[PDB]
Amino acid sequence: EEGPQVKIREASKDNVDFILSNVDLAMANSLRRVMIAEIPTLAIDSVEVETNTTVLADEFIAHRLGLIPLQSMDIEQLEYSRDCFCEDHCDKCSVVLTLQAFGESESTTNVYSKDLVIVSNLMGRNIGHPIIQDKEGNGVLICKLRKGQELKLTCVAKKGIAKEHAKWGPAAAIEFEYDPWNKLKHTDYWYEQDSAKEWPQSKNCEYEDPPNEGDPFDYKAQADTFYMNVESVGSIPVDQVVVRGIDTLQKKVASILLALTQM
Amino acid sequence: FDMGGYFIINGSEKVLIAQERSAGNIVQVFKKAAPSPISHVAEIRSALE
Amino acid sequence: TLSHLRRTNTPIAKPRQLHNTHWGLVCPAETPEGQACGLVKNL
Amino acid sequence: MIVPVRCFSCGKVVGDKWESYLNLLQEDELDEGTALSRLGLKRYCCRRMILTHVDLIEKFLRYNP
Amino acid sequence: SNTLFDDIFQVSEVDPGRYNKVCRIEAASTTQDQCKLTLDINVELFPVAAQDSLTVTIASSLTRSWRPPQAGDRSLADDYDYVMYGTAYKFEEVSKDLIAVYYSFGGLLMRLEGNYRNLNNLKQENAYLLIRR
Amino acid sequence: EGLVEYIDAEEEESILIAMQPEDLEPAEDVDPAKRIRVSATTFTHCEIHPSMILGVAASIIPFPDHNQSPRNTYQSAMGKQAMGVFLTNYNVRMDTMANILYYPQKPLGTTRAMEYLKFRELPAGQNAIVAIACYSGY
Amino acid sequence: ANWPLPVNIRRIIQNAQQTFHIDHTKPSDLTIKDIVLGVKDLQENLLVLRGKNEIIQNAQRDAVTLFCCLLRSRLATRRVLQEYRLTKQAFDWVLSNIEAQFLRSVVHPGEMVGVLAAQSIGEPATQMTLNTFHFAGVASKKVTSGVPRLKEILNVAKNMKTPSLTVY
Amino acid sequence: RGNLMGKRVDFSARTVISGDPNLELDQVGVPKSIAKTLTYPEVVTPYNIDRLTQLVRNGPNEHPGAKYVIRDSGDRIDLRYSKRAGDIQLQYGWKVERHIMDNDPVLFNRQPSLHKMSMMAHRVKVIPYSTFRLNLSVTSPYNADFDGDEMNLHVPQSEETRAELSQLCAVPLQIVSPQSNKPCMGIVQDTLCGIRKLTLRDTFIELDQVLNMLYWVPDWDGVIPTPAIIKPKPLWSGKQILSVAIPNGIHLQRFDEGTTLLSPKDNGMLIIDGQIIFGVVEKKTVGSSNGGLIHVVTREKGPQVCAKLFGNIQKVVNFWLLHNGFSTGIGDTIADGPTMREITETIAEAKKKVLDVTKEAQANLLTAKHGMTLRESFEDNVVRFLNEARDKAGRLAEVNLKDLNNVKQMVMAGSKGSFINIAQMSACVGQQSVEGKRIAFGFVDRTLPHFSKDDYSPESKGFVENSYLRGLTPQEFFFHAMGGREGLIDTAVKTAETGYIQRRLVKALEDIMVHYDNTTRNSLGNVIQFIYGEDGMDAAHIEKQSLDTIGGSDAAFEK
Amino acid sequence: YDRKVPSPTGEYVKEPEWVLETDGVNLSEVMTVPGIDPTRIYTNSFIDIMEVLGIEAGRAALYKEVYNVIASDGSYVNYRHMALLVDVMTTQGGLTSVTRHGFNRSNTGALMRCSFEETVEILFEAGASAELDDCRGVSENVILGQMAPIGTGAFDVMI
Amino acid sequence: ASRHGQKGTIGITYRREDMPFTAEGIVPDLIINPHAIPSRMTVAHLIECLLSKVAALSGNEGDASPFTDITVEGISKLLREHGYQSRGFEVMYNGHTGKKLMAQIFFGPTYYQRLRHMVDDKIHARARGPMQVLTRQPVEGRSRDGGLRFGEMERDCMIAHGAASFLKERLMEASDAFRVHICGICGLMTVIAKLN
Amino acid sequence: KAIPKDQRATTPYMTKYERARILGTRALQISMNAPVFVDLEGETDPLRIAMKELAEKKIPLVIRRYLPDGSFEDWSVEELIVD
Amino acid sequence: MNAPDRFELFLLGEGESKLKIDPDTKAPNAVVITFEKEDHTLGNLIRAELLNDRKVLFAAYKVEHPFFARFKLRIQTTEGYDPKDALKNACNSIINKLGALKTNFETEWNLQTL
RNA sequence: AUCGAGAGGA
Ligand SMILES: O=c1ccn([C@@H]2O[C@H](COP(=O)(O)OP(=O)(O)OP(=O)(O)O)[C@@H](O)[C@H]2O)c(=O)[nH]1
Ligand SMILES: [Mg+2]
Ligand SMILES: [Mg+2]
Ligand SMILES: [Zn+2]
Ligand SMILES: [Zn+2]
């Protein structure tokens, strides 16, 4: 193909490990730093507590709900609350939820996210299904109730990005590495006796050559070939995660050229 | 977990901090630079049980 | 809470000192810094 | 104070793994090292959000009101 | 704006003294007995062994702020590999005549001695150093 | 059963004590990185275990023996300004001011003495990720 | 040799020999009358106090005195024409500019020194205990010999701590 | 003493302080909500009304707003309150009590105020977040870390009062010390450790970063300097691009003990006209030292010049450090194998040679020195004998610290820490002492129950053979504590003595001011000195000058 | 001891000399001794050095002593200050204490003297001895709340 | 603060992106200067951070017990059989640039304490307002929105700069500026002021 | 009692304390719309205007320096060398 | 209490542009362009793609203060060839390589199982 | 609000 050459070696539903050949570094680092923050998601943002008799204080529970995983694939055909025209929230901007469990049982009544209820019309699109990964099928412990404790809820889930609060990050953990053997020598090693017996050999050494003993230092050779693994929380399956990076990147790489045509 | 010890007074808990003092009924020998009349003092603090 | 319940205040030659007979009875480092330091010690 | 949704450092979901934790630790008997690994926690940022956790709600639940 | 010196030299000592990149090089002059040389050479960038002979041309050209290349290709090198720009400072003496220079390539220093004197060695700001082969 | 006596400072005067109740008693090749220990053969009674020279706040310190002691003291004056969970009971206890950590955690390094100080059950901080580094200069 | 002295000639010397950078190895243009009947005239108009009556004019000299001894020692003809090789224009500068640097180094009448005469004085002692520590041992000095020796000093200490006699 | 010479005052703030590398020296990081509250009586002139009617409208909320407007007859007009707050016609000559704008004069102090240098005027940059923010190099004369030290701020009300701050108290005016005749502020910590890292002959940078650094210094004349290297790859030197902050017209000569005009070990410091020849910049040069750059650039036009300089040095060292990094590990206190062997035997002889001088007084004779008498005695003899077993090892563990060892760097630069800091951390923490004497006998004739009575040896009176890396032993531990304790003692108490010492010194000398005839006097007219400092000359303007008429030969004088 | 001495040849070469150290002060009769130099003799007792050698010796002794305390292990204060201190102590006649006893009597303004250590009893006699206050000192106008003749206060401004 | 007298406040908060990260992508919660390390001596803080790591990997709760047979060279043998380097260091990438940090960083878990004293509980400001009745001096402490004391020691530094009108101001127009009527002979406040 | 036009042995230099004060006294006058003399080059700070008014010695006010014994010495901002 | 609202990182305020244009007061044919509401994801990729163009004399940026998320860009170009064009023409180079990644990724993604 | 007590921060 044309420029950037992407070779995948291992991938799943939640882990995409790949190379990323023939790019300057300034892209690689801009990429992740869009994969981290600038991708949008949906997640709880207006909780209205009707009744809580849990030991857990009110905004504490409210808080946790933000963090809870929420299906966001069809998220692009959802307007922002700021960018929508209604009042507070609507069905073309916000997916509303509800949470009800009551202590009826003597022996520990658990709340889960499976016990979340879709209240607004979904327009029929795929958006706002709390994510279950749990072996059994009970996505994440929200709270615990005892013998006679109630929790009556009303959640409004909005669009947002990881700049505005780390809940909106379809992030997880971004693995990053270029140049396993220090041929570019961007970094100088702290050693006590040796470096090779005191620093570990990196996972990324099969398919990257050893520099040889009597070969003088390569001065002008540059940052090529970065070794990445991108993790998904689950709101966006892994494939779209990375695409949307590139996308939002371009999306605002464009939003300047356009505002430059405004001057 | 509350292992207690405090006296509950006026609806706030109060604690007793061990007061210290020089032990009694022991004979001790003191000096006492000389200029000054004296130069040596044998002292005993004395109280019953 | 623990370390307040076992506190030792002393009214007023070398009193603020950590002295040899303090060993394993009063805490060598548990003391309020400044103000009335070395006076008040925990068990 | 109730196992946290996800983990401050990475961000990976952790809430769903407390349940399977007790079960792996006690039901069929293993040591913690193997526990976090089968739960999928490889990064210690995220390994710690479970091992170090204490579930105080338990003793909050013992209360009548 | 003309080429200024050039002379053939030979390495007597290469002392990796508390530095990985940028060594110190001690060199004695070819033909001209009355001359000695000490210079800081970036050994990582340009390998120097013991008993290797070099080529040391000085010159002063080949406000104006520093452009990159743009090749063009405004001449000067290809057959001069190791290059460094710097400044002159205090000038020496030890016989009369001679006589010795002190150069400063942004820290990487130089000391050259010998009596041609010169007078086509100016006291001036300019100072390059071209080393080939 | 005559196995443990009680000793005050006065009686302490006329006694001999071993550290290290083993060290210090047996009969008479070695690791260089380990610490350096000195050595009488006329002991009266043993010390139980060193650490018990400390109080509460101190016995919270991991490796206080590797720490310049003035700091160990500072740590103690600050352990009492720590933030955690003072009692399970608070959520009905009416007392002026009270602080509770949103999500506490037990420490990862633990002085044995913690077990009796019930710390691993009522913690006061978080085992966060620490980067000792220069960066922004903030 | 090394002492607190106002107006750094040593630098005005390198400021001369790079501004008009002569530089060499090419000979000066000041007659012995230019250098000498120069310094000895600068020496008139450095001024610390001003007046017109005899006593002031003598307590004047008897305050400059030291400065001159240095001035005289670095603006000396051998030097001024061997190590540093100044020009008429550049010397007339070093001449104007010392004078100029000097009457700036005046203590301004207004200056509250009594206060400044502490705390300076009361600062380091305070902060060179109070530090206090760091850390462990020994740690004084300073401090223990020391600051209670200081106390003595300011009290008029009749009951002297350590009375030590040193004969030659 | 508490209500006439120590008044309570209006218009004042107080907060925790934090570091800002991108503030300028003469600046103060006032938090928004304080500047929402702190007023400055300003009268309305045809100069300011344009900015001023616009202020009233902005109200006591929108940052550049205002509260209160004072009228002619003397009526006070509240602005959060009142029903005419949404307009008001501004007449000439009315007070419009206003929030604080950026760049206003304010006296910013820290207790304990043990100086004049603790109380300095500053420039106002109103900032979000609730911290008082300040320059990292304005740290030393205040005495203030960000471990939560609480600082204070006052705001003038006359315009004449304003001047009085920015014309006397202004931070730049106080750069050089009229107390220690050397500049009290200098490059400190990250900026100080990295400057060193930058200037290593070894340290190179290139295009992609070079250019960015040029854009960092605000006074950049848009002139890339010519890279010291144009070989196979065009590089700049660390030294090189630093010169860009070094203003054109400044000159520096040093020579240390090993300095050849070659500087084989890159010693000393030669600067020419704001460009760097050779040396490595550290606490001696870029530091609050005597012959240091800061001293130089403050006496050579001018103060504010020097002031801007400070901020520039940082910005560039900061930007370099940022991308190159630095930390410190346990590995950095680890000493080489067959060398903590050569330290344990260095104790092993220094101990076994105390055992010599111990069997002497046990002999008894003796030859017990003349005075040095005694008992003083042999109890002084051992004190040095281990103070040497330590300070030898401390040097034995300096040669081990190869140039990567993260700790030595902060000592090679002098950022914080030193020899004793290294010694205790890697070798042994030494003989701790109480009241100058090695640990005093508490128990009768013995130091502890774990020892036998009568043991004048080191492991018994307070000597710790181990480092902090190895971990002390109980015996040792306890003593170290006792020692430590004596430090935290004079912290609250012996401090008082010195603090009191001052309260007299200050109250005694006080109104001793150089009158309008250079004669130093009191309130009575009693002369005290006839020409201040017996030369009528201000300390701030003095330097360590070398009278080379004293030393040398009679014949070296002649030629 | 070691001592720098002008060698007849020109240079300063180190002259190592025996010197004696003594726990005791009896200057009066010790300098009269046959064998010792009574030009260089020096006790650390500046109180007796004053009664023996006149006031001007004292002046330089009290300085030298403050110096040997401050400027020992590195520390540096520029002459002017230590000097200035020393001087204030010295001029009243004898040695004047830096305490309430000494300078807090020295005929100065009352209110200023009131703002130190002894307080009431100072005003009491001020009210008794019918004391008139100069009003020229720092503390005087701080109490009276005025621009005191200080720095910006020395001069008055006219037209 | 950490468990070792390691007090120092937040100086900024950088989002996970502007944050330096690792070869696996570990973001630090916490960044201290290696400058409050030697000053300062606290070699334990280091070792805690070295042990706490292993513990978080091996699963096993570590024994940070005081006078015991546990060595830096004993932890290092373990952290070395766990795929990291023996003394805690890790290769790190600058978040602003994805360029490797030229120096390795010391990285891992250290149990940290949050002490009381939060700016928002300390931050205080007053400019005029409620004053006493005894002195007409501003009242004490933030609790009654009062001022700050411009104490004796403060007064001293001022004279030091000779700021003369500034000590009329900070002790008149910001404390008391009361106004009475004196008699031209019997200089005492007795005169009856019938005004206006 | 007043020292005449001659016999003037003060420092003929503006003490920083004279500076701050004269700048201050004027910075009052400027701030309270009283006549301004120099060509105000588009600056509006009563502090910075006086700073120019001192460059071009146009300030009417005379410092009266007092001497311990009482009798005084004049000198105006026009007579005084600013530095 | 003084923490500035979280959205002040992309929400442009009132009377505020997303690009500002002033020339450099010192070096000719050079411009400082002020981006607003942005970090070095756009501050970095933009400079290091301004370097490939040989027609461009200078290129740099600086995060002015971690407090307000906005970087300034300084650019200098060859006589007569506009800087604004230098940028415009450099941005599309990014886009092109980006829309390259989208295609290349999916082409390889589709061929993976799980 | 006043007087008095303690605890903690730099
Ligand atoms: O009782 C005290 C103690 C301390 N202080 C003041 O606070 C400072 C205490 O010390 P700091 O906290 O300022 O720095 P440090 O390095 O000496 O101690 P740590 O940061 O490790 O905690 C001292 O430097 C002094 O200025 C007091 O005013 N009074
Ligand atoms: Mg601190
Ligand atoms: Mg502090
Ligand atoms: Zn809507
Ligand atoms: Zn994590």
# chains A, B, ... in the order shown; residues from 1 in each chain; ligands from 1
>>> closest_atom_pairs(of="chain M", to="ligand 1", cutoff="12 Å", atoms="only C-alpha atoms (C1' of nucleotides) and all ligand atoms", output="Markdown table")
| residue | atom | partner | partner_atom_place_in_ligand_line | distance |
| --- | --- | --- | --- | --- |
| M:8 | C1' | ligand 1 | 1 (O) | 11.6 |
| M:9 | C1' | ligand 1 | 7 (O) | 9.2 |
| M:10 | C1' | ligand 1 | 7 (O) | 4.5 |
>>> write_last_selection(atoms="C-alpha atoms (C1' of nucleotides)", output="PDB file, in the first residue's frame")
ATOM      1  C1'   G M   8      -1.659  20.306  64.833  1.00  0.00           C
ATOM      2  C1'   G M   9       0.998  22.946  60.351  1.00  0.00           C
ATOM      3  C1'   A M  10       5.232  25.143  58.565  1.00  0.00           C
TER       4        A M  10
END
>>> residues_near_ligand(ligand="ligand 5", cutoff="8 Å", atoms="only C-alpha atoms (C1' of nucleotides) and all ligand atoms", output="PyMOL selection string")
(chain A and resi 173) or (chain D and resi 6-12+43-49) or (chain J and resi 26)
>>> write_last_selection(atoms="N, CA, C and O atoms", output="PDB file, in the first residue's frame")
ATOM      1  N   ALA A 173      -5.296   0.208  28.464  1.00  0.00           N
ATOM      2  CA  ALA A 173      -3.850   0.357  28.592  1.00  0.00           C
ATOM      3  C   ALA A 173      -3.165   0.227  27.230  1.00  0.00           C
ATOM      4  O   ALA A 173      -3.316  -0.799  26.550  1.00  0.00           O
TER       5      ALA A 173
ATOM      6  N   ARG D   6     -13.223  -0.648  37.572  1.00  0.00           N
ATOM      7  CA  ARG D   6     -11.963  -0.330  36.890  1.00  0.00           C
ATOM      8  C   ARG D   6     -10.807   0.025  37.876  1.00  0.00           C
ATOM      9  O   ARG D   6     -10.979  -0.054  39.101  1.00  0.00           O
ATOM     10  N   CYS D   7      -9.644   0.414  37.342  1.00  0.00           N
ATOM     11  CA  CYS D   7      -8.426   0.672  38.147  1.00  0.00           C
ATOM     12  C   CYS D   7      -7.680   1.964  37.763  1.00  0.00           C
ATOM     13  O   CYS D   7      -7.232   2.119  36.623  1.00  0.00           O
ATOM     14  N   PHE D   8      -7.522   2.865  38.728  1.00  0.00           N
ATOM     15  CA  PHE D   8      -6.993   4.214  38.481  1.00  0.00           C
ATOM     16  C   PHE D   8      -5.843   4.311  37.484  1.00  0.00           C
ATOM     17  O   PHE D   8      -5.819   5.216  36.654  1.00  0.00           O
ATOM     18  N   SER D   9      -4.888   3.393  37.565  1.00  0.00           N
ATOM     19  CA  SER D   9      -3.722   3.457  36.689  1.00  0.00           C
ATOM     20  C   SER D   9      -4.050   3.120  35.239  1.00  0.00           C
ATOM     21  O   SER D   9      -4.132   4.032  34.411  1.00  0.00           O
ATOM     22  N   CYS D  10      -4.247   1.840  34.924  1.00  0.00           N
ATOM     23  CA  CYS D  10      -4.716   1.480  33.584  1.00  0.00           C
ATOM     24  C   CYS D  10      -6.111   2.068  33.360  1.00  0.00           C
ATOM     25  O   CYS D  10      -6.247   3.128  32.755  1.00  0.00           O
ATOM     26  N   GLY D  11      -7.132   1.402  33.888  1.00  0.00           N
ATOM     27  CA  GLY D  11      -8.514   1.804  33.676  1.00  0.00           C
ATOM     28  C   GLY D  11      -9.373   0.592  33.412  1.00  0.00           C
ATOM     29  O   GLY D  11     -10.590   0.674  33.470  1.00  0.00           O
ATOM     30  N   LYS D  12      -8.717  -0.532  33.122  1.00  0.00           N
ATOM     31  CA  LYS D  12      -9.359  -1.829  32.872  1.00  0.00           C
ATOM     32  C   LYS D  12     -10.433  -2.145  33.911  1.00  0.00           C
ATOM     33  O   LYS D  12     -10.261  -1.855  35.094  1.00  0.00           O
ATOM     34  N   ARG D  43      -0.829  -6.504  34.153  1.00  0.00           N
ATOM     35  CA  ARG D  43      -0.237  -5.235  34.580  1.00  0.00           C
ATOM     36  C   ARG D  43      -0.479  -5.015  36.069  1.00  0.00           C
ATOM     37  O   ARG D  43      -1.615  -5.082  36.550  1.00  0.00           O
ATOM     38  N   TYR D  44       0.611  -4.761  36.786  1.00  0.00           N
ATOM     39  CA  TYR D  44       0.598  -4.653  38.242  1.00  0.00           C
ATOM     40  C   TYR D  44      -0.114  -3.413  38.750  1.00  0.00           C
ATOM     41  O   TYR D  44      -0.600  -3.392  39.880  1.00  0.00           O
ATOM     42  N   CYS D  45      -0.153  -2.378  37.919  1.00  0.00           N
ATOM     43  CA  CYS D  45      -1.002  -1.229  38.178  1.00  0.00           C
ATOM     44  C   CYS D  45      -2.401  -1.740  38.511  1.00  0.00           C
ATOM     45  O   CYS D  45      -3.054  -1.252  39.436  1.00  0.00           O
ATOM     46  N   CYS D  46      -2.817  -2.765  37.767  1.00  0.00           N
ATOM     47  CA  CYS D  46      -4.176  -3.285  37.800  1.00  0.00           C
ATOM     48  C   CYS D  46      -4.263  -4.539  38.678  1.00  0.00           C
ATOM     49  O   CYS D  46      -5.300  -4.793  39.292  1.00  0.00           O
ATOM     50  N   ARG D  47      -3.158  -5.285  38.774  1.00  0.00           N
ATOM     51  CA  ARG D  47      -3.034  -6.400  39.730  1.00  0.00           C
ATOM     52  C   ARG D  47      -3.247  -5.962  41.180  1.00  0.00           C
ATOM     53  O   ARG D  47      -3.793  -6.712  41.996  1.00  0.00           O
ATOM     54  N   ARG D  48      -2.803  -4.743  41.479  1.00  0.00           N
ATOM     55  CA  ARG D  48      -2.857  -4.179  42.827  1.00  0.00           C
ATOM     56  C   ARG D  48      -4.259  -3.731  43.245  1.00  0.00           C
ATOM     57  O   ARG D  48      -4.556  -3.667  44.437  1.00  0.00           O
ATOM     58  N   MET D  49      -5.115  -3.428  42.273  1.00  0.00           N
ATOM     59  CA  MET D  49      -6.434  -2.886  42.580  1.00  0.00           C
ATOM     60  C   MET D  49      -7.378  -3.940  43.179  1.00  0.00           C
ATOM     61  O   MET D  49      -8.505  -3.633  43.583  1.00  0.00           O
TER      62      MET D  49
ATOM     63  N   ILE J  26       2.186   1.537  31.430  1.00  0.00           N
ATOM     64  CA  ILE J  26       1.806   1.832  32.801  1.00  0.00           C
ATOM     65  C   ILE J  26       1.934   3.322  33.049  1.00  0.00           C
ATOM     66  O   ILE J  26       2.997   3.903  32.845  1.00  0.00           O
TER      67      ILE J  26
END
>>> select_by_dssp(residues="chain D", states="helix (DSSP H, G or I)", output="PyMOL selection string")
chain D and resi 17-27+32-38+44-51+57-60
>>> residues_around(residues="residue 7 of chain C", least_positions_apart="4", cutoff="12 Å", atoms="only C-alpha atoms (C1' of nucleotides)", output="PyMOL selection string")
(chain B and resi 15-20) or (chain C and resi 1-3+25-27+30-32+39-43) or (chain F and resi 55-57)
>>> write_last_selection(atoms="N, CA, C and O atoms", output="JSON list (two decimals), in the first residue's frame")
[["chain", "number", "residue", "atom", "x", "y", "z"],
["B", 15, "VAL", "N", -10.23, 11.38, 76.92],
["B", 15, "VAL", "CA", -9.16, 10.42, 77.20],
["B", 15, "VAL", "C", -8.26, 10.92, 78.29],
["B", 15, "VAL", "O", -8.02, 12.12, 78.40],
["B", 16, "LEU", "N", -7.76, 9.99, 79.09],
["B", 16, "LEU", "CA", -6.84, 10.30, 80.16],
["B", 16, "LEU", "C", -5.42, 10.04, 79.72],
["B", 16, "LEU", "O", -5.05, 8.90, 79.40],
["B", 17, "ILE", "N", -4.63, 11.11, 79.69],
["B", 17, "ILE", "CA", -3.21, 11.06, 79.34],
["B", 17, "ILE", "C", -2.42, 10.83, 80.61],
["B", 17, "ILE", "O", -2.53, 11.60, 81.57],
["B", 18, "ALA", "N", -1.60, 9.78, 80.61],
["B", 18, "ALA", "CA", -0.78, 9.42, 81.76],
["B", 18, "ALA", "C", 0.01, 10.62, 82.24],
["B", 18, "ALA", "O", 0.87, 11.12, 81.52],
["B", 19, "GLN", "N", -0.30, 11.09, 83.44],
["B", 19, "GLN", "CA", 0.53, 12.11, 84.08],
["B", 19, "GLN", "C", 1.82, 11.46, 84.58],
["B", 19, "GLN", "O", 1.83, 10.29, 84.98],
["B", 20, "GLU", "N", 2.90, 12.23, 84.53],
["B", 20, "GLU", "CA", 4.21, 11.77, 84.95],
["B", 20, "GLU", "C", 4.62, 12.50, 86.22],
["B", 20, "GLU", "O", 4.04, 13.54, 86.55],
["C", 1, "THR", "N", -6.30, 6.70, 66.62],
["C", 1, "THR", "CA", -7.03, 6.52, 67.87],
["C", 1, "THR", "C", -6.16, 5.77, 68.88],
["C", 1, "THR", "O", -5.99, 6.23, 70.00],
["C", 2, "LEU", "N", -5.58, 4.65, 68.45],
["C", 2, "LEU", "CA", -4.67, 3.86, 69.27],
["C", 2, "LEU", "C", -3.63, 4.71, 69.98],
["C", 2, "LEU", "O", -3.57, 4.76, 71.21],
["C", 3, "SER", "N", -2.83, 5.40, 69.17],
["C", 3, "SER", "CA", -1.69, 6.18, 69.65],
["C", 3, "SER", "C", -2.04, 7.44, 70.45],
["C", 3, "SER", "O", -1.14, 8.14, 70.92],
["C", 25, "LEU", "N", 9.90, 0.88, 76.20],
["C", 25, "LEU", "CA", 8.86, 1.27, 77.16],
["C", 25, "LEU", "C", 8.13, 2.51, 76.63],
["C", 25, "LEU", "O", 6.90, 2.54, 76.51],
["C", 26, "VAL", "N", 8.92, 3.54, 76.32],
["C", 26, "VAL", "CA", 8.45, 4.68, 75.55],
["C", 26, "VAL", "C", 8.97, 4.50, 74.13],
["C", 26, "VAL", "O", 10.03, 3.89, 73.94],
["C", 27, "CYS", "N", 8.23, 5.01, 73.15],
["C", 27, "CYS", "CA", 8.62, 4.91, 71.75],
["C", 27, "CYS", "C", 9.73, 5.91, 71.41],
["C", 27, "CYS", "O", 9.59, 7.11, 71.67],
["C", 30, "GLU", "N", 8.21, 8.20, 68.48],
["C", 30, "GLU", "CA", 6.85, 8.71, 68.61],
["C", 30, "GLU", "C", 6.82, 9.90, 69.55],
["C", 30, "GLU", "O", 6.73, 9.74, 70.76],
["C", 31, "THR", "N", 6.91, 11.10, 68.97],
["C", 31, "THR", "CA", 6.88, 12.36, 69.73],
["C", 31, "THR", "C", 6.37, 13.54, 68.90],
["C", 31, "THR", "O", 6.68, 13.64, 67.71],
["C", 32, "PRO", "N", 5.56, 14.44, 69.53],
["C", 32, "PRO", "CA", 5.01, 15.62, 68.86],
["C", 32, "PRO", "C", 6.08, 16.67, 68.54],
["C", 32, "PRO", "O", 6.67, 17.25, 69.45],
["C", 39, "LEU", "N", 8.88, 15.97, 75.66],
["C", 39, "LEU", "CA", 8.12, 15.92, 76.91],
["C", 39, "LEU", "C", 7.07, 14.81, 76.87],
["C", 39, "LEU", "O", 7.17, 13.81, 77.59],
["C", 40, "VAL", "N", 6.07, 15.00, 76.01],
["C", 40, "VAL", "CA", 4.98, 14.05, 75.84],
["C", 40, "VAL", "C", 5.47, 12.89, 74.98],
["C", 40, "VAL", "O", 5.92, 13.11, 73.86],
["C", 41, "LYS", "N", 5.42, 11.67, 75.52],
["C", 41, "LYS", "CA", 5.79, 10.49, 74.73],
["C", 41, "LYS", "C", 4.79, 9.34, 74.84],
["C", 41, "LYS", "O", 4.14, 9.15, 75.86],
["C", 42, "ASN", "N", 4.69, 8.57, 73.76],
["C", 42, "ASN", "CA", 3.77, 7.45, 73.69],
["C", 42, "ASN", "C", 4.44, 6.16, 74.15],
["C", 42, "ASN", "O", 5.66, 6.03, 74.07],
["C", 43, "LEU", "N", 3.63, 5.22, 74.65],
["C", 43, "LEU", "CA", 4.12, 3.95, 75.18],
["C", 43, "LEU", "C", 4.50, 2.97, 74.09],
["C", 43, "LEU", "O", 3.91, 2.97, 73.00],
["F", 55, "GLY", "N", 6.20, 2.14, 69.20],
["F", 55, "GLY", "CA", 4.80, 2.31, 69.62],
["F", 55, "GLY", "C", 3.86, 1.89, 68.50],
["F", 55, "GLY", "O", 4.17, 0.97, 67.73],
["F", 56, "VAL", "N", 2.72, 2.56, 68.41],
["F", 56, "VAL", "CA", 1.79, 2.34, 67.30],
["F", 56, "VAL", "C", 2.35, 2.96, 66.01],
["F", 56, "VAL", "O", 2.86, 2.24, 65.15],
["F", 57, "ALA", "N", 2.29, 4.29, 65.93],
["F", 57, "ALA", "CA", 2.63, 5.06, 64.72],
["F", 57, "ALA", "C", 3.96, 4.65, 64.06],
["F", 57, "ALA", "O", 4.11, 4.70, 62.84]]
>>> atom_distance(atom1="atom CA of residue 274 of chain H", atom2="atom CA of residue 67 of chain G")
29.3 Å
